[PDB]
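To start, the structure itself, in structure tokens.
So that the names make sense, note that chain A is the first sequence line, chain B the second, and so on, each numbered from 1.
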Amino acid sequence: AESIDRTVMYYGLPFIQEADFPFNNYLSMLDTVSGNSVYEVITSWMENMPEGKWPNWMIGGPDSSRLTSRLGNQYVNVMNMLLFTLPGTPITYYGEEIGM
Amino acid sequence: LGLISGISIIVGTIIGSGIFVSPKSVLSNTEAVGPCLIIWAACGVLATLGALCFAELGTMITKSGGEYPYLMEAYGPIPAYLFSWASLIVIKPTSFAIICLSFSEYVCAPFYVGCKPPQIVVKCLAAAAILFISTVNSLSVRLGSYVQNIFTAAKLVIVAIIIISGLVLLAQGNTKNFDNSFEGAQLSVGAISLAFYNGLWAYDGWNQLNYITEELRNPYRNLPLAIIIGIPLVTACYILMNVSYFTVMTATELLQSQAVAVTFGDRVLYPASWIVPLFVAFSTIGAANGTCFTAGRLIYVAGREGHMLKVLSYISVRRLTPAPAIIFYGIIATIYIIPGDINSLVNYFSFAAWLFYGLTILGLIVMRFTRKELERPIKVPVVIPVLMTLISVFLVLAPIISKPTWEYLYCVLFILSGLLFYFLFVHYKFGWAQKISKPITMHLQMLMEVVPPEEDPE
Amino acid sequence: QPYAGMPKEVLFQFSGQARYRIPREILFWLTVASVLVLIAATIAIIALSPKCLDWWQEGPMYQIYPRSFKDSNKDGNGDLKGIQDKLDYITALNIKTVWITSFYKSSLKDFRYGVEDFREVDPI
Amino acid sequence: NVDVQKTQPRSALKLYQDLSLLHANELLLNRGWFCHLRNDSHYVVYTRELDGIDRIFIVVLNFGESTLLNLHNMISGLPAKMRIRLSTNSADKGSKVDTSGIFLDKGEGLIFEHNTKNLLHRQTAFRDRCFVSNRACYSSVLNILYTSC
Ligand SMILES: CCCCCCCCCCCCCCCCCC(=O)OC[C@H](COP(=O)(O)O)OC(=O)CCCCCCCCCCCCCCCCC
Ligand SMILES: CCCCCCCCCCCCCCCCCC(=O)OC[C@H](COP(=O)(O)O)OC(=O)CCCCCCCCCCCCCCCCC
Ligand SMILES: *[C@@H]1O[C@H](CO)[C@@H](O[C@@H]2O[C@H](CO)[C@@H](O)[C@H](O)[C@H]2NC(C)=O)[C@H](O)[C@H]1NC(C)=O
Ligand SMILES: *[C@@H]1O[C@H](CO)[C@@H](O[C@@H]2O[C@H](CO)[C@@H](O)[C@H](O)[C@H]2NC(C)=O)[C@H](O)[C@H]1NC(C)=O
């Protein structure tokens with residue numbers, strides 16, 4: 001529940017060490033999905049995080065609605081393809097690989 | 001040399017670079033800790049019973065060479081020729097290639113901390129160690145032995161650091177990895193027989209204990225007593241070094257490791273972790289400098305019968321070195337590391353070595369029926385060469401029946417390639433043979449300035 | 001005359017020629033120059049190699065709510081023993097890291113987890 | 001459930017297992033550049049690139065409803081037909097679509113593998129939209145990675 005410029009402060013400075021990445025839940029906060037809204041989540045993380053840092057992506061979690069109930073059954077496969085083709089570390093909540 | 005300095009040359013000879021490379025490949029074939037310590041103890045029995053049979057053959061015949069005067073006395077010229085051929089192109093250059101490859105695993109490992117070095121770096125550094133040793137030993141014959149005693153002192157120190165610091169950790173209670181040591185294992189004939197190839201590489205040198213440890217104060221009693229004491233005591237130092245590896249590593253962490261003793265020195269000796277890649281790298285080129293002293297001894301005694309070329313075992317006029325033999329060993333060892341890969345050169349070495357250890361020990365039993373009245377001062381009981389020649393056909397047939405790879409074809413075809421050269425240059429001396437052999441000897445004589453060794457049989 | 005097995009006294013009359021001095025000196029100085037190139041190729045690749053990836057950058061993470069994964073002692077709750085019996089399923093998903101949420105000894109198991117003992121596992 | 005989806009070749013579990021294995025075996029997907037194109041109301045198109053490897057991955061993901069895509073108007077130098085590496089409908093794996101007309105259903109994703117030597121992060125018109133962590137090139141002769149880019 002934070003702005004993007006405050007989340008990227010947990011990456012640290014080029015001379016001070018901090019968290020390896022802050023966890024990214026901005027794709028979990030999409031209740032409706034679109035071509036403009038997915039572009040806005042991806043580009044805001046890549047433009048605001050410091051250069052040479054490692055990104056990460058989540059599409060669900062224990063505090064989020066599950067994906068096939070949040071977006072529909074037709075978006076289960078395309079959001080798993082988005083998770084594994086983006087740069088960084090994909091994080092999978094349990095049951096997302098099945099479509100619970 | 002008394003008895004105590006008789007067993008000190010045995011311990012210094014048998015401890016080599018093997019204990020720093022072999023624990024990964026014994027555990028890779030017997031996947032549990034418990035069977036991994038039994039193979040390390042059963043290999044020290046094959047080295048002790050094998051060296052006792054060579055102790056009887058050494059006093060019965062009393063001729064220079066290797067196993068070459070032993071095979072001639074038992075079977076005749078044809079197995080003696082095939083041993084001189086296989087030790088030229090298979091046995092001796094592969095032993096020089098495994099040692100120089102083991103040197104480059106321990107220099108490149110601390111620079112690639114959590115990942116493997118690429119294969120181009122371990123091979124281009126191993127070829128630089130072959131060409132450096134092949135030129136230093138071909139120029140300065142006495143320089144190799146001044147540095148030889150500080151390379152043996154660097155080897156026993158880093159062995160004693162691992163043994164002592166492993167018994168300290170074993171007293172504090174780091175014994176969790178030994179708890180279920182026999183759960184998940186292999187009684188396949190190809191998993192055990194390749195675990196014996198890698199353990200017996202760490203004992204390499206038991207078949208040449210005869211020539212240097214027979215200038216004692218009382219032979220025929222102190223030679224077989226230095227073998228029963230010396231080789232079981234290095235077997236205790238090899239088990240205690242594997243016990244020390246399993247106090248800080250799980251059996252899965254040891255398989256996921258580039259050099260096994262660097263990973264040990266990174267979890268125990270933390271502010272001084274660089275002494276293990278430093279001392280093993282000194283002790284490994286000292287084991288490669290030591291094998292270039294022996295270059296030309298078997299080549300001279302095989303060429304005196306017409307079983308080997310005489311342009312080899314020539315001596316340089318300046319820098320009185322066996323320069324055509326050292327250069328010949330450096331060329332074939334460099335060819336062998338382009339396909340490369342320790343765990344694929346050790347199988348290639350152990351297949352040809354144990355084919356001729358088995359023919360030699362069988363010749364001890366053949367000469368008990370054929371070559372009596374021959375004054376055996378040492379005489380082992382007959383059950384010892386029978387067990388050593390039954391394991392020697394188990395260590396030859398079981399890899400080529402159960403787990404056949406391509407090296408057991410390239411080793412058989414290189415040994416049977418020599419059987420063609422016997423029947424064209426030795427058995428059926430033709431006309432076109434010596435008019436190829438003499439201009440090559442003449443033109444390689446003016447190129448390297450090498451002469452026949454103004455010598456006698458000895 | 002050079003026959004086959006020349007001694008020292010006959011060899012020096014011919015090894016000092018031009019056609020045997022320069023292919024001996026070239027081949028020697030092309031060997032110690034191949035040692036210096038093979039070391040300078042070894043140091044150049046080690047110095048120019050990148051730092052290869054850590055384990056948390058290599059593969060995906062798998063987040064497990066441990067009460068809802070696998071019950072092994074037929075009490076209705078997922079336990080840590082049930083996760084251990086399903087590790088073959090997780091490696092078949094090509095997963096590198098397992099992320100387990102809060103299993104400490106707690107009075108409250110929601111609302112950011114009020115914890116009673118930070119060094120104990122909850123008995124469920 | 002897990003047990004029935006292991007015997008279904010069109011299941012969500014089988015696509016996840018193919019995507020995570022492709023991510024583990026390809027240097028383009030776990031290390032390479034990320035170069036995105038312009039925004040659109042329907043679809044998201046980006047590429048994964050690495051200098052030294054002479055092929056790219058083109059990911060096309062439709063998040064609107066059913067539409068037709070002309071990929072010639074987004075990436076220059078493409079052939080008349082492209083082969084599918086991976087699809088969200090697993091029946092269309094290894095098939096061939098045409099570049100000028102690509103029919104994307106609602107919720108469809110495609111991964112193309114395209115052999116080329118013109119990477120987008122080397123073109124200065126696309127450099128503003130390309131990103132890396134742990135930058136390295138690839139030498140196919142030596143089979144190493146090196147940083148002297
Ligand atoms: C691809 C598979 C095959 C590969 C074959 C590659 C062959 C490359 C040969 C490279 C030889 C390198 C020699 C230089 C090493 C110097 C080492 C050293 O320290 O020397 C001290 C020694 C001391 O001399 P000083 O400097 O005067 O004291 O220096 C030399 O002896 C240099 C003489 C070079 C010796 C060249 C030997 C090459 C023999 C080739 C014979 C071929 C005949 C084939 C005929 C077939 C007919 C059927
Ligand atoms: C400095 C290094 C080079 C110098 C030493 C190598 C000599 C270079 C030429 C090599 C041989 C040239 C053709 C053979 C000429 C002699 C034939 C003959 O009639 O022998 C009479 C010869 C006696 O000649 P004598 O010395 O004049 O009495 O009879 C024998 O020695 C029988 C045993 C033959 C041993 C052959 C050795 C072959 C060495 C090359 C091995 C090639 C495979 C390398 C490994 C494969 C790749 C991994
Ligand atoms: C789901 O349950 C059904 C029925 O309980 C299983 O289907 C068949 O069940 C009969 C028993 O009446 C077995 O004899 C058959 O072998 C079952 N079919 C198959 C193909 O095995 C079914 O196996 C269960 N599991 C699923 C669908 O994954
Ligand atoms: C791509 O993004 C741009 C920039 O956001 C969009 O262009 C305008 O966006 C603002 C708000 O972001 C709207 O109020 C305007 O109506 C947009 N202009 C037009 C002509 O639509 C653009 O719509 C986006 N989508 C595309 C190009 O498909």
Side-chain angles (χ1 to χ4, degrees), chain A residues 8 11 14 20-21 27 30-57 59-60 66-68 70-100, chain D residues 1-2 4-5 10-24 28-34 36-48 57-65 67 86-90 104-111 128-135:
Chain A
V8 291
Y11 272 118
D20 294 310
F21 42 74
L27 285 168
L30 296 182
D31 289 347
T32 180
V33 73
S34 176
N36 294 117
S37 78
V38 163
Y39 185 90
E40 199 278 330
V41 170
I42 293 168
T43 50
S44 69
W45 193 273
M46 298 310 288
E47 283 156 14
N48 286 277
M49 80 155 181
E51 292 86 4
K53 290 302 186 182
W54 198 256
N56 69 291
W57 311 91
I59 56 172
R66 282 194 180 272
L67 189 77
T68 180
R70 207 165 73 233
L71 305 181
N73 194 293
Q74 301 186 267
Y75 289 110
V76 159
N77 282 353
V78 76
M79 289 296 271
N80 280 331
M81 183 171 278
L82 169 79
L83 206 69
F84 277 96
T85 52
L86 277 173
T89 298
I91 298 154
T92 309
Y93 189 50
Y94 83 103
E96 284 190 334
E97 76 276 1
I98 289 301
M100 277 175 48
Chain D
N1 61 84
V2 171
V4 70
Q5 282 190 32
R10 312 273 89 82
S11 66
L13 183 67
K14 294 258 194 182
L15 186 62
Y16 190 93
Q17 281 170 344
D18 291 333
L19 276 159
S20 64
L21 186 85
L22 181 71
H23 185 267
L28 294 167
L29 284 183
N30 52 72
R31 198 192 262 273
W33 287 75
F34 170 70
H36 65 86
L37 302 183
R38 56 154 193 91
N39 60 295
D40 198 283
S41 66
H42 274 96
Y43 37 79
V44 183
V45 185
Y46 51 88
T47 58
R48 305 301 309 275
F57 274 127
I58 307 164
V59 185
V60 170
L61 310 169
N62 184 218
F63 287 106
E65 63 265 17
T67 188
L86 210 48
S87 180
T88 52
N89 182 291
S90 188
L104 297 159
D105 290 331
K106 177 189 177 174
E108 195 170 357
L110 297 177
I111 297 172
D128 201 55
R129 323 202 292 279
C130 290
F131 304 94
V132 268
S133 317
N134 299 65
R135 182 172 201 247

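With rounding to the nearest 0.5 angstrom, the CD atom of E65(D) is 10.5 Å from the CD atom of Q74(A). Within the model, atoms CG of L82(A) and CZ of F63(D) stand 4.5 Å from one another, a figure rounded to the nearest 0.5 Å. A distance of 9.0 Å separates NE2 in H23(D) from CG in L83(A), rounded to the nearest 0.5 Å. Of the inter-residue distances, the one linking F84(A) atom CZ with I111(D) atom CD1 reads 11.0 Å to the nearest 0.5 angstrom. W54(A) CH2 to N134(D) CG: the interatomic distance, rounded to the nearest 0.5 Å, is 6.0 Å. The distance from the CE atom of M81(A) to the CG atom of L110(D) is 7.0 Å, given to the nearest 0.5 Å.
Heavy atoms closer than 4.5 Å to chain A are found in both the backbone and the side chain of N39(D). Contact of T43(A) with chain D is made through the side chain alone, with heavy-atom distances under 4.5 Å. Contact annotation for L19(D): both backbone and side-chain heavy atoms come within less than 4.5 Å of a heavy atom of chain A. Heavy atoms closer than 4.5 Å to chain A are found in the side chain of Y46(D), but not in its backbone. Heavy-atom distances place no part of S11(D) under 4.5 Å from chain A, backbone and side chain included. Within the 4.5 angstrom heavy-atom criterion, only backbone atoms of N1(D) (N, CA, C, O) approach chain A. Proximity to chain A is limited to the backbone of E108(D), based on heavy atoms less than 4.5 angstrom apart. Contacts between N89(D) and chain A at a heavy-atom distance below 4.5 Å are absent for every atom of the residue. Contacts between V2(D) and chain A at a heavy-atom distance below 4.5 Å involve backbone atoms as well as side-chain atoms.
Considering all non-hydrogen atoms of both residues, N62(D) and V78(A) come closest at O-CG2, 4.4 Å. Between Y39(A) and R38(D), the shortest heavy-atom contact is CE1-C, 4.0 Å.
Interface residues of residues 91-100 of chain A toward chain D, defined by a heavy-atom distance below 4.5 Å and sorted by number: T92(A), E97(A), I98(A).
Contact tally against chain D (heavy-atom pairs below 4.5 Å) for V33(A), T85(A), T89(A), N80(A): the top residue is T85(A).
Looking only at side-chain heavy atoms (C-beta outward), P87(A) and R48(D) come within less than 4.5 Å of each other. At a threshold of 4.5 Å between non-hydrogen side-chain atoms, the residues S133(D) and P55(A) count as touching.
A donor-acceptor pair under 3.5 Å is absent between the side-chain atoms of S41(D) and the main chain of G35(A), judged by distance alone.
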Criterion side-chain contact (heavy atoms from CB on, under 4.5 Å) on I42(A) and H36(D), from CA distance to verdict: CA-CA 10 Å; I42(A) 293 168; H36(D) 65 86; over 6 Å; no
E47(A) and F131(D): CA distance, side-chain angles, deciding distance, side-chain contact (heavy atoms from CB on, under 4.5 Å) verdict: CA-CA 9 Å; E47(A) 283 156 14; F131(D) 304 94; 4.2 Å; yes
